[PDB]
Amino acid sequence: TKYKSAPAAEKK
Amino acid sequence: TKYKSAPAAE
Amino acid sequence: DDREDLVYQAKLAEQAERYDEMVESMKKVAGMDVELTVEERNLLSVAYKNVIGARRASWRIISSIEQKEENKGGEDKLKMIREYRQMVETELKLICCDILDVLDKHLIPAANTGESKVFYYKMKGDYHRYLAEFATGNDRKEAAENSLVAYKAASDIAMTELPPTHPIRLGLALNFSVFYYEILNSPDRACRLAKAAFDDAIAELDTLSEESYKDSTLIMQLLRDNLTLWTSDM
Amino acid sequence: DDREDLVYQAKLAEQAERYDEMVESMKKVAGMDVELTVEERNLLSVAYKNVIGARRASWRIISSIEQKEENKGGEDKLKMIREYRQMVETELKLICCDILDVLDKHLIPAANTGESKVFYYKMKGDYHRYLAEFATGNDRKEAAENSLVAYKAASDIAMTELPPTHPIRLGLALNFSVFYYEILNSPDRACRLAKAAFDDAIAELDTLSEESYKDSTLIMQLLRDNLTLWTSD
Ligand SMILES: [Br-]
Ligand code: NA
């Protein structure tokens, strides 16, 4: 089981 | 402008 | 200007999706020893995240193939699977230790602002967790200890310095909750910390800035989505 | 087993999406005199397509960033972008010159079956076309002529040997039509060819096998999607 972690912040 | 070409077989 | 040139090369590398060149350009900027701007902190993270991500995605795939051919009993193949995993594992070890060192040497000592201090102590925790994922036994236990004291240090600062609507604090919570669930196999804790960070945010959702809006809402979505899956299995 | 051991390493590399390691594994199997089976041929194509594909995407994005920064007039940046583009162009040259070399030296001679011969001649045109993309002046025209004689050779064989429904022939027709459009700036031919290859398939849709069904219908759908796009604003 893989669970979503903190993603890549949007530009600005 | 880029267009779809022959993809690698499944 | 030599610093600005490197940041530009990293951006070209990002859109080109050549993330190896991205870490290198942004590694030189970290070594510069000046505290990174919010743009530079993001670029460094996006760079080292993609490069470590790619290797992990592979590790999980070949790991599942190892479990498949474990049952098939094809001993001749099982040897190659392990050799391929141990090849990918050494790479995960290198990339993690690369960023953990430059964090400890340049970034963490330099970082004075509450936000920066948290961002890095979180980052340290993440790459110690990534070491723990593939690590085996007393190797894993050391990586878990390192991971927790990093997140704990990040959390103790985040509690006073940052508000609960702040993307960095929520992101920390999510990763620290994922840490508890996967590494420490303590779902009761993972669900408390997730539900805590979430409920604290919605309480003061009226304070959330339009700038940080999209970043934090997605992180909150990923909290409540993980909370749903973890509670339904109990 | 030496070749079977390599094929498996390539298959692991495919699923792991480590395509740099896939070309190497399948490069050694190609270096061996013995003709590659349909599986092995596919694994090679997959491997070398992904490795070049990645650079081609990178080239097109930086090439479009250059285009933007031309208008801005940032001379300091334009030098940094041009130098980065060149770095990728050299990579696209090396990887193209690899597959073309191992095609001419090992595979094209070894290839004795009609199906193999077309696939390797098609493959040659494709990687001389990819050269022709970022190529300039005389270098481009030479890459185009190399691609045409390759595609023309493949086409001459495909007409008699393979049926119109076969995925390898439809794939050639599709790649040859893209060539006439992008490289040779002959769009009225590109469409004429893509449609011809489509009509010849649907005429003999009964002949098509349930095995090679999905592969062909997908390429048939792409041919049509292109034909629509080239004939509507
Ligand atoms: Br044109
Ligand atoms: Na298109």
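Here Swiss-Prot sets the residue numbers for chain C, with the shown residues being 2-235 in order.
Each residue, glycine too, has its Cβ placed from N, Cα and C.
Features reported for this protein in Swiss-Prot:
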type	residues	note
MOD_RES	C:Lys50	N6-acetyllysine
CROSSLNK	C:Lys50	SUMO2 cross-link
SITE	C:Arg57	site 'Interaction with phosphoserine on interacting protein'
MOD_RES	C:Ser65	phosphoserine
MOD_RES	C:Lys69	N6-acetyllysine
MOD_RES	C:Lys118	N6-acetyllysine
MOD_RES	C:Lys123	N6-acetyllysine
SITE	C:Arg130	site 'Interaction with phosphoserine on interacting protein'
MOD_RES	C:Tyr131	phosphotyrosine
MOD_RES	C:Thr137	phosphothreonine
MOD_RES	C:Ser210	phosphoserine
MOD_RES	C:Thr232	phosphothreonine
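Feature annotations (Swiss-Prot) mapped to structure.
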{"residue": "C:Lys50", "record": "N6-acetyllysine", "Cβ within 10 Å": "21"}
{"residue": "C:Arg57", "record": "site 'Interaction with phosphoserine on interacting protein'", "Cβ within 10 Å": "17"}
{"residue": "C:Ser65", "record": "phosphoserine", "Cβ within 10 Å": "10"}
{"residue": "C:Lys69", "record": "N6-acetyllysine", "Cβ within 10 Å": "12"}
{"residue": "C:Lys118", "record": "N6-acetyllysine", "Cβ within 10 Å": "20"}
{"residue": "C:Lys123", "record": "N6-acetyllysine", "Cβ within 10 Å": "25"}
{"residue": "C:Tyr131", "record": "phosphotyrosine", "Cβ within 10 Å": "24"}
{"residue": "C:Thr137", "record": "phosphothreonine", "Cβ within 10 Å": "7"}
{"residue": "C:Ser210", "record": "phosphoserine", "Cβ within 10 Å": "12"}
{"residue": "C:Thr232", "record": "phosphothreonine", "Cβ within 10 Å": "12"}
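Restricting the modified residues C:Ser65, C:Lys69, C:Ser210, C:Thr232 to those with a CA within 10 Å of the CA of C:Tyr131 (phosphotyrosine) leaves an empty set. Long-range Cβ contacts of C:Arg130 (site 'Interaction with phosphoserine on interacting protein') within its own chain (separation 6+, distance under 8 Å): C:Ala144, C:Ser148, C:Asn176, C:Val179, C:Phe180, C:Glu183, C:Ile184.
Following the DSSP three-state reduction, the secondary structure of C:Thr137 (phosphothreonine) is coil. Chain A has a C-beta under 8 angstroms from the C-beta of C:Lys50, taken from the modified residues C:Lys50, C:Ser65, C:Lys69, C:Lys118, C:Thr137, C:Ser210. Following the DSSP three-state reduction, the secondary structure of C:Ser210 (phosphoserine) is coil. Checked against C:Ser210 (phosphoserine) by C-alpha proximity, the modified residues C:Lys50, C:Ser65, C:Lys123, C:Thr137, C:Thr232 yield C:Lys123 as the nearest. Rounded to the nearest whole angstrom, the C-alpha distance between C:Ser65 (phosphoserine) and C:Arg57 (site 'Interaction with phosphoserine on interacting protein') is 12.
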